[PDB]
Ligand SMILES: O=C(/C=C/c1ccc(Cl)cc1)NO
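Take a look at this single chain, the form deposited without this ligand, given in C-alpha cells.
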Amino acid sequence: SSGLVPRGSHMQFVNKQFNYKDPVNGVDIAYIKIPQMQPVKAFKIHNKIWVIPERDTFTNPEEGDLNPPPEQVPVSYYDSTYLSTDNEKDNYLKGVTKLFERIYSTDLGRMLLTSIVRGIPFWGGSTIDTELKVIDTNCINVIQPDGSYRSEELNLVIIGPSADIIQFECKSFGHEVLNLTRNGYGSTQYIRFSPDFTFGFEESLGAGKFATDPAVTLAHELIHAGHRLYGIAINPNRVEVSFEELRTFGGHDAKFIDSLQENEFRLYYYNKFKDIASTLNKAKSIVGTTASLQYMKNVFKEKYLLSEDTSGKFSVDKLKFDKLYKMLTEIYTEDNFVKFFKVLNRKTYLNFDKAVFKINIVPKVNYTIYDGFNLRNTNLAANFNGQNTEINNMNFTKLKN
C-alpha cells in the first residue's frame, strides 16, 4: 500500500494510478521517441508532463552508455544494473508519482506546478519573422497502438539518471542561434532524477547523520525548470557555485547576489518579454497546426501575463511582470519548500554531502505524502527522527561515502 490518496477519492495532480505493465494506449501510456533511438515506454502524468522510467542514455549523444569512467569525481555513484527490471521501473513510476503529490499537497507546490504547466515553450521556430512556428525540439513523437506517430508539444520530462546515478539536473535541447533558456522563449525541460536514492548531511540537533527528503531535491530541479521554461535562467558563467544555484536554493544564500545585479537581470528579461510581445504583434501567419493565429497568440498572452488593448495589440505590464518574475525567482526556492514541508535540510547550498543512501518511499509505512519520513503519531515524528539515518536505520541503506 502506497498511500497515494491520503485525502479524497483520487490523486489531485497525477492523472492516473499507473502500473508499469499497464498496456500502451497512445494517449497517456505510449512508446515515444525524442527528436536515433528505440521507442521507450512513457507515462503522461499531467497535461504537458511525461515520465520515462528508463536510465537516460538518450538526451546526450556522448552519454549513450552507463559505463563509469576510469576512477571519477568524489561525489558520484555508479550501478549499471539500476532501473533495468520492470519491478524497478514500476517502483520508479510510483515514487515519482508520490513526490509530485507531496509537492502538490503544499500551497507553494500548487503555485509552482501551475506555473510550470502554463509555461509552454514559445513558438519562435520560424525563419520568417511574421510566421509563428513550433520548435521541433519542444516536442516528442507519441506512437499509437496501430503504429502511427503524432507530434506532441510538452513542457517537462522526468527521466532516470545517466551513468552517474546521483547527478541530478534539469537540461534541455538547444537551438542553432537562439538561447531558449535566457531569451524569454523557454524550451522543454528534461529532469534527470531518481526517487530511489538520497543524500546525507550532518546536523547537530553530538552531530546527527540525516538524509535529505527527496521531495525537496525534486522541487529544487522543478524550480530550475520554471526558470528555464520562462527563459529567465541566469547565465551559467555568473558564478564554483553559480548565481542560478544560489537563487534556486534561496534563503540567506540568495541574499549574496547583490541587489543592483538583480535589478539588471530583471531589466534584461523585462526587455526580452517586450521583444516577445512585438513578435506576437507582428505575426501574420501560423504553420503547425489547425489552430488559428489568434488562438496561439492568446496561449502566450496567458503564459506571459500580457496586456491586450482594444486594438488587440499586446504589451508587457510592469506590475504583472514584476509579480511573475518575483514568483519564479524569489518565492519558488528550496528554502521555502523546506519551510512548507517542515523537514530538516542543509542550511546552505555550499554544504558538503557526506553519503549516498538507497531508499524506498513507495510503501506508506516508510514515507507519506503529508509527513515524508517523519511519520506523525510515532517516534519518527519528533526531532526529525524519520530523517535520522541511525534512528530510522531501516529506511536508509548506506551505499557510499
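A residue's number is simply how far along the shown sequence it sits, counting from 1.
Asks: Answer yes if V362 is missing coordinates in at least a third of the other compared entries, and no if every one of them models it.
Replies: It is not, since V362 is included in all of the other entries that model both flanking stretches.
Asks: How about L344: is it missing in a third or more of the other compared entries?
Replies: Result for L344: never missing in the compared entries.
Asks: Which class describes the count of deposited residues lacking coordinates between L205 and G206: none, 1 to 3, 4 to 9, or 10 or more?
Replies: In the record, 4 to 9 residues between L205 and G206 lack coordinates.
Asks: With respect to the deposited sequence, how many residues separating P35 from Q36 are not represented by coordinates: none, 1 to 3, 4 to 9, or 10 or more?
Replies: According to the record, 1 to 3 deposited residues lack coordinates from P35 to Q36.
Asks: Averaging only over Cα atoms, indicate whether 376-384 or 14-22 has the higher B-factor in the PDB entry.
Replies: According to the entry, 376-384 carries the higher average C-alpha B-factor.
Asks: Mind pulling up the entry and telling me whether 138-146 or 94-102 has the higher mean Cα temperature factor?
Replies: That would be 138-146.
Asks: Among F210, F314, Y185, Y304, where is the Cα B factor highest in this entry?
Replies: The C-alpha B-factor peaks, among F210, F314, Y185, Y304, at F314.
Asks: Whose CA atom has the top B-factor in the entry, of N351, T368, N47, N336?
Replies: That would be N351, according to the entry.
Asks: Check where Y77 lands among this chain's C-alpha B-factors and tell me if it's the lowest, middle or highest third.
Replies: As the PDB entry reports it, the C-alpha B-factor of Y77 lands in the highest third of its chain.
Asks: Is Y31 in the lowest, middle or highest third of its chain when residues are ranked by C-alpha B-factor?
Replies: Middle third by C-alpha B-factor.
Asks: Select lowest, middle or highest to describe the third in which the CA B-factor of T279 falls within its chain in this entry.
Replies: Highest third of the chain for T279's C-alpha B-factor.
Asks: By the recorded C-alpha temperature factor, relative to the other modelled residues in its chain, which third is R110 in?
Replies: Answer is lowest: the recorded C-alpha B-factor places it there.
Asks: Among the modelled residues of this chain, does the Cα B factor of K255 put it in the lowest, middle or highest third?
Replies: It falls in the top third of the chain.
What follows is about the form solved in complex with this ligand, which we do not show.
Asks: Could you confirm whether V75 comes within 4.5 Å of this ligand in the entry with it bound, counting heavy atoms only?
Replies: Within the cut-off, so yes.
Asks: Is there a heavy atom of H224 lying 4.5 Å or less from a heavy atom of this ligand in the entry with it bound?
Replies: Yes, contact at 4.5 Å.
Asks: State yes or no: in the entry with it bound, is some non-hydrogen atom of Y31 no more than 4.5 angstroms from a non-hydrogen atom of this ligand?
Replies: No - in the entry with it bound, heavy atoms of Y31 and this ligand never come within 4.5 Å of each other.
Asks: Given that this ligand is not shown alongside this chain, does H220 nevertheless sit within 4.5 Å of it in the entry with it bound, heavy atom to heavy atom?
Replies: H220: yes, in contact with this ligand in the entry with it bound.
Asks: Quick one: which of 36-44, 51-59, 367-375, 346-354 gets within 4.5 Å of this ligand in the entry with it bound, going by heavy atoms?
Replies: Residues of 346-354 come within 4.5 Å of the partner.
Asks: Please identify the residue among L108, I143, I166, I135 with any heavy atom within 4.5 Å of this ligand in the entry with it bound.
Replies: Looking at the other structure, the residue within range turns out to be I166.
Asks: Would you kindly say which of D90, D253, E245, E101 lies with a heavy atom within 4.5 Å of this ligand in the entry with it bound?
Replies: Only one option qualifies, and that one is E245.
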